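In what follows, a single structure is set out as structure tokens and then discussed.
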Amino acid sequence: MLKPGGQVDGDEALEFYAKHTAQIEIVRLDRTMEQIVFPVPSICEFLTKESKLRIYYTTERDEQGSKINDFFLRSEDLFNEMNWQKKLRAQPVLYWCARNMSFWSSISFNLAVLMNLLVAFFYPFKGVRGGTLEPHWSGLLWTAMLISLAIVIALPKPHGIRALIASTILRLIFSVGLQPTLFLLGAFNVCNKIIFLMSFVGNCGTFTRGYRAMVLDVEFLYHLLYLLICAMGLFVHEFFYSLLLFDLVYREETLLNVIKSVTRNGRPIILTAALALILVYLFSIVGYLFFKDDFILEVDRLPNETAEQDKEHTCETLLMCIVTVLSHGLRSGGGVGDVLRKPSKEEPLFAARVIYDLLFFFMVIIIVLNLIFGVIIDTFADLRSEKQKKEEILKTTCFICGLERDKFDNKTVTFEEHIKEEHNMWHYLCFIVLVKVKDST
Amino acid sequence: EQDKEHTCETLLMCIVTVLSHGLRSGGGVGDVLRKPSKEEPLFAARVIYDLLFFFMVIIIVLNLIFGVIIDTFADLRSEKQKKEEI
Amino acid sequence: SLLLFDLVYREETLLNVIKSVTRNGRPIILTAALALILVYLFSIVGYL
Amino acid sequence: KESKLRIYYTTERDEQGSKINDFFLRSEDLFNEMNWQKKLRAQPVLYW
Ligand SMILES: Nc1ncnc2c1ncn2[C@@H]1O[C@H](COP(=O)(O)OP(=O)(O)OP(=O)(O)O)[C@@H](O)[C@H]1O
Ligand SMILES: [Ca+2]
Ligand SMILES: [Ca+2]
Ligand SMILES: [Ca+2]
Ligand SMILES: [Ca+2]
Ligand SMILES: [Zn+2]
């Protein structure tokens with residue numbers, strides 16, 4: 001009778017009591033283990049799945065190889081989160097706003113992208129009246145008509161709603177005008193961003209931790225900066241919408257992992273850049289001493305108008321002569337010899353010139369400019385190894401007991417069940433929670 | 001007759017200029033743009049612009065693309081050797 | 001000419017070599033998008 | 001023999017480290033293959 005889904009009517013009670021009943025295993029002072037069962041609290045049913053996943057992933061092993069300490073240190077945060085979220089469940093439309101964080105973020109990004117493509121394509125707006133693309137209007141019509149239907153065929157409605165939005169925009173780009181359309185979309189984006197900020201403050205509950213806490217957090221100031229940026233973009237210049245594209249690295253995780261390779265080990269990268277600059281300085285010194293007259297660069301002058309010569313000397317002062325090497329030597333693919341004047345074989349210093357060019361090329365372009373790159377591949381290797389190790393740990397061993405997948409073999413406990421009911425990591429949280437709420441009597 | 005055309009009149013064409021003649025060139029965008037004299041008020045800013053473009057794009061991103069491919073070779077070889085051992 | 005594309009299907013080493021770029025193609029595409037974003041910003045500065 | 005090698009290579013370990021489940025899931029395909037191939041053995045030049 002204990003198995004749910006009973007054929008005889010009246011199995012609602014058994015299921016309802018099975019849902020609120022948990023079970024753990026603890027130890028005593030005398031190293032004796034005891035099996036414990038008692039009902040879960042009412043407050044613990046308010047935990048969100050996103051918090052479950054965040055706690056499941058961000059927890060890290062300690063020195064001895066136990067996630068128990070860090071898991072316990074996060075219990076207070078989860079308790080406060082549930083206490084605050086219960087109020088939100090029994091609260092007005094603020095809950096409706098807080099439930100749609102993903103929707104607001106998606107609309108904000110799909111706005112910013114489409115309202116930056118227009119700026120990139122059509123600026124400046126000197127000619128917009130009467131079919132901005134005068135020769136392409138015939139080419140515009142069929143493309144705009146054929147864009148919508150193709151997406152919606154093998155795909156649900158929301159992308160069709162996006163296509164309808166695109167149709168509504170394109171029927172107004174040349175009729176109403178492109179600049180009023182951009183102003184309307186900018187105002188829309190500011191409205192959506194302020195709604196998203198309000199929703200984020202509502203969901204996070206930053207107000208309970210004080211002013212200093214809600215101004216010292218990275219994410220809130222992060223979201224406020226692009227509210228300010230959208231305000232400036234609508235009020236100062238349409239080019240400020242370009243900075244909004246930097247949210248792409250935050251929205252995606254693979255981009256964050258890719259970028260983290262260059263900055264996880266950025267100190268050797270910076271020091272290698274400094275070493276390259278030192279080498280460039282030494283070569284500039286040698287060139288200033290010996291080949292000062294060989295530093296002749298071709299240059300074209302601006303239209304004189306207000307007010308012939310074609311070559312200027314660039315090693316007159318040692319700073320300018322360093323700038324020459326640092327600009328035209330590193331960028332050129334064949335060392336500094338590509339930009340410097342090429343001598344004849346009759347020169348007294350022709351052999352020294354060839355030695356100088358080859359030595360510069362081999363020490364800088366071959367060695368240092370590529371030793372910089374080698375570090376990046378090293379950090380990819382390190383990051384992949386770390387990620388695979390974490391994945392193996394989570395998918396093989398147990399969160400609390402720490403026993404690996406094989407030890408639970410043959411024994412009538414299928415590991416995959418050893419964790420489902422016996423050593424479940426969330427029953428421990430529920431039982432810790434109820435201790436903090438039940439009276440001591 | 002004329003030999004030079006302006007390519008930053010409209011911002012789309014001026015993006016196309018960088019995306020075509022900047023990425024393909026081995027030394028950043030400074031190879032294709034006109035090279036100024038040292039007497040320009042913005043000569044130092046011009047050098048800063050060229051070096052910054054080169055270092056952020058050609059050195060960093062265009063090679064961070066390639067690093068991923070070698071990472072996937074390492075991953076694939078490890079997987080294949082593991083299967084063969086099993 | 002399009003018939004030469006059967007070479008990757010006939011051989012296995014070519015398939016394994018090509019599979020490296022597409023097994024993890026999402027970060028490659030996103031890095032290309034990042035490069036395009038940087039190019040856009042530099043074009044804006046140059047236009048200004 | 002080609003089916004033998006394909007089953008030997010394409011089978012992959014499960015979460016617990018056992019190829020038994022996937023090997024069993026391919027049994028029906030092999031049975032149907034043998035049933036259909038017996039007809040081909042006793043068939044005209046289509047077998048050639
Ligand atoms: N100690 C542990 N060792 C290993 N994995 C664990 C452990 N505790 C929990 N897990 C895994 O993390 C998941 C999170 O537990 P959760 O409360 O979500 O379980 P559930 O309610 O039975 O499952 P679901 O909500 O997915 O239907 C578990 O289902 C299990 O897969
Ligand atoms: Ca050069
Ligand atoms: Ca190299
Ligand atoms: Ca070129
Ligand atoms: Ca490179
Ligand atoms: Zn356990």
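Ligands are numbered from 1 in the order shown, chains are lettered A, B, ... in the order of the structure tokens, and residues start at 1 in each chain.
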
Between chain A and ligand 3, at 9 Å or less, what are the per-residue closest atom pairs and their distances in Å? Count only C-alpha atoms and all ligand atoms, order by chain and rising residue number, and return it as a tab-separated table.
```
residue	atom	partner	partner_atom_place_in_ligand_line	distance
A:365	CA	ligand 3	1 (Ca)	6.4
A:366	CA	ligand 3	1 (Ca)	5.8
A:367	CA	ligand 3	1 (Ca)	7.8
A:368	CA	ligand 3	1 (Ca)	8.6
A:369	CA	ligand 3	1 (Ca)	6.2
A:370	CA	ligand 3	1 (Ca)	4.4
A:371	CA	ligand 3	1 (Ca)	8.2
A:373	CA	ligand 3	1 (Ca)	7.7
```

Could you dump the residues just selected with N, CA and C atoms as a PDB file, in the first residue's frame?
```pdb
ATOM      1  N   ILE A 365      59.915  38.407 -33.291  1.00  0.00           N
ATOM      2  CA  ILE A 365      58.712  37.896 -33.941  1.00  0.00           C
ATOM      3  C   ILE A 365      58.610  36.386 -33.779  1.00  0.00           C
ATOM      4  N   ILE A 366      59.723  35.677 -33.954  1.00  0.00           N
ATOM      5  CA  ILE A 366      59.732  34.231 -33.776  1.00  0.00           C
ATOM      6  C   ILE A 366      59.573  33.826 -32.319  1.00  0.00           C
ATOM      7  N   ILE A 367      60.215  34.527 -31.391  1.00  0.00           N
ATOM      8  CA  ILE A 367      60.301  34.017 -30.028  1.00  0.00           C
ATOM      9  C   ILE A 367      59.242  34.641 -29.133  1.00  0.00           C
ATOM     10  N   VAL A 368      59.262  35.963 -28.965  1.00  0.00           N
ATOM     11  CA  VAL A 368      58.472  36.573 -27.898  1.00  0.00           C
ATOM     12  C   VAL A 368      57.017  36.728 -28.322  1.00  0.00           C
ATOM     13  N   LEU A 369      56.790  37.231 -29.537  1.00  0.00           N
ATOM     14  CA  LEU A 369      55.429  37.437 -30.013  1.00  0.00           C
ATOM     15  C   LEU A 369      54.674  36.124 -30.139  1.00  0.00           C
ATOM     16  N   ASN A 370      55.376  34.993 -30.167  1.00  0.00           N
ATOM     17  CA  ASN A 370      54.714  33.695 -30.172  1.00  0.00           C
ATOM     18  C   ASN A 370      54.736  33.023 -28.805  1.00  0.00           C
ATOM     19  N   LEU A 371      55.708  33.361 -27.959  1.00  0.00           N
ATOM     20  CA  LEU A 371      55.684  32.902 -26.584  1.00  0.00           C
ATOM     21  C   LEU A 371      54.520  33.512 -25.828  1.00  0.00           C
ATOM     22  N   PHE A 373      51.554  33.866 -27.296  1.00  0.00           N
ATOM     23  CA  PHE A 373      50.447  33.015 -27.721  1.00  0.00           C
ATOM     24  C   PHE A 373      50.485  31.648 -27.064  1.00  0.00           C
TER      25      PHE A 373
END
```

Subject >> Residues of range 272-345 of chain A in strand (DSSP E or B), written as a ChimeraX atom specification >> reply: /A:296-298,311-313

Generate a file of the selected residues that holds N, CA, C and O atoms, formatted as a tab-separated table (two decimals), in the first residue's frame.
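For reference, out03.tsv as written:
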```tsv
chain	number	residue	atom	x	y	z
A	296	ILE	N	64.51	56.00	-42.68
A	296	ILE	CA	63.77	56.86	-43.59
A	296	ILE	C	62.45	56.17	-43.92
A	296	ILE	O	62.45	55.04	-44.41
A	297	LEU	N	61.34	56.85	-43.65
A	297	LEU	CA	60.02	56.29	-43.87
A	297	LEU	C	59.27	57.10	-44.91
A	297	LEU	O	59.30	58.33	-44.89
A	298	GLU	N	58.61	56.40	-45.83
A	298	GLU	CA	57.72	57.05	-46.77
A	298	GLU	C	56.51	57.60	-46.04
A	298	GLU	O	55.96	56.96	-45.14
A	311	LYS	N	59.79	61.77	-48.01
A	311	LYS	CA	60.40	60.97	-46.96
A	311	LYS	C	60.72	61.85	-45.76
A	311	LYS	O	61.25	62.95	-45.92
A	312	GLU	N	60.39	61.37	-44.57
A	312	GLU	CA	60.74	62.05	-43.33
A	312	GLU	C	61.66	61.15	-42.52
A	312	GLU	O	61.59	59.92	-42.60
A	313	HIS	N	62.54	61.78	-41.74
A	313	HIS	CA	63.42	61.05	-40.84
A	313	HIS	C	62.71	60.79	-39.52
A	313	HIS	O	62.04	61.68	-38.98
```

Subject >> Separation of CA of residue 386 in chain A from CA of residue 65 in chain B in Å >> reply: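 Spanning CA of residue 65 in chain B to CA of residue 386 in chain A is a straight-line distance of 20.4 Å.
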
Residue neighbourhood residue 75 in chain A, 10 Å, only C-alpha atoms, exclusion window fewer than 4 positions, as a tab-separated table (two decimals) with C-alpha atoms, in the first residue's frame:
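Writing the result to around-v3.tsv gives the following:
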```tsv
chain	number	residue	atom	x	y	z
A	55	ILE	CA	24.27	25.44	-4.98
A	70	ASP	CA	30.94	25.10	2.14
A	71	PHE	CA	27.48	23.56	1.78
A	79	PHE	CA	17.04	30.18	4.69
A	80	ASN	CA	16.88	33.95	4.20
A	81	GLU	CA	16.04	33.46	0.52
A	429	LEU	CA	19.00	21.26	4.24
A	430	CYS	CA	15.33	20.76	5.13
A	432	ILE	CA	18.73	21.94	9.26
A	433	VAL	CA	16.01	24.47	8.46
```

Original post:
Which residues of chain D are close to chain B, meaning at most 12 Å apart when you count only C-alpha atoms, and how do they look as a PyMOL selection string?
Top reply: chain D and resi 8-13+17-19

File dump, residues just selected, N, CA and C atoms, as a PDB file, in the first residue's frame:
```
ATOM      1  N   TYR D   8      30.685  -3.813 -32.377  1.00  0.00           N
ATOM      2  CA  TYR D   8      31.817  -3.820 -31.462  1.00  0.00           C
ATOM      3  C   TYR D   8      32.356  -2.426 -31.191  1.00  0.00           C
ATOM      4  N   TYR D   9      32.294  -1.528 -32.167  1.00  0.00           N
ATOM      5  CA  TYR D   9      32.880  -0.201 -32.018  1.00  0.00           C
ATOM      6  C   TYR D   9      31.895   0.867 -31.568  1.00  0.00           C
ATOM      7  N   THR D  10      30.688   0.906 -32.130  1.00  0.00           N
ATOM      8  CA  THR D  10      29.778   2.012 -31.858  1.00  0.00           C
ATOM      9  C   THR D  10      29.100   1.925 -30.497  1.00  0.00           C
ATOM     10  N   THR D  11      29.153   0.781 -29.822  1.00  0.00           N
ATOM     11  CA  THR D  11      28.545   0.657 -28.504  1.00  0.00           C
ATOM     12  C   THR D  11      29.315   1.504 -27.499  1.00  0.00           C
ATOM     13  N   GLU D  12      28.588   2.196 -26.625  1.00  0.00           N
ATOM     14  CA  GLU D  12      29.192   3.096 -25.655  1.00  0.00           C
ATOM     15  C   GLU D  12      28.760   2.729 -24.242  1.00  0.00           C
ATOM     16  N   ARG D  13      29.645   3.004 -23.287  1.00  0.00           N
ATOM     17  CA  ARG D  13      29.373   2.702 -21.890  1.00  0.00           C
ATOM     18  C   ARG D  13      28.267   3.597 -21.350  1.00  0.00           C
ATOM     19  N   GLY D  17      28.877   2.362 -16.247  1.00  0.00           N
ATOM     20  CA  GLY D  17      29.986   1.659 -16.854  1.00  0.00           C
ATOM     21  C   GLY D  17      29.630   0.251 -17.277  1.00  0.00           C
ATOM     22  N   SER D  18      28.587   0.115 -18.088  1.00  0.00           N
ATOM     23  CA  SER D  18      28.186  -1.188 -18.606  1.00  0.00           C
ATOM     24  C   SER D  18      27.616  -0.998 -20.001  1.00  0.00           C
ATOM     25  N   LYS D  19      28.166  -1.719 -20.973  1.00  0.00           N
ATOM     26  CA  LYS D  19      27.664  -1.661 -22.338  1.00  0.00           C
ATOM     27  C   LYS D  19      26.517  -2.629 -22.577  1.00  0.00           C
TER      28      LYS D  19
END
```
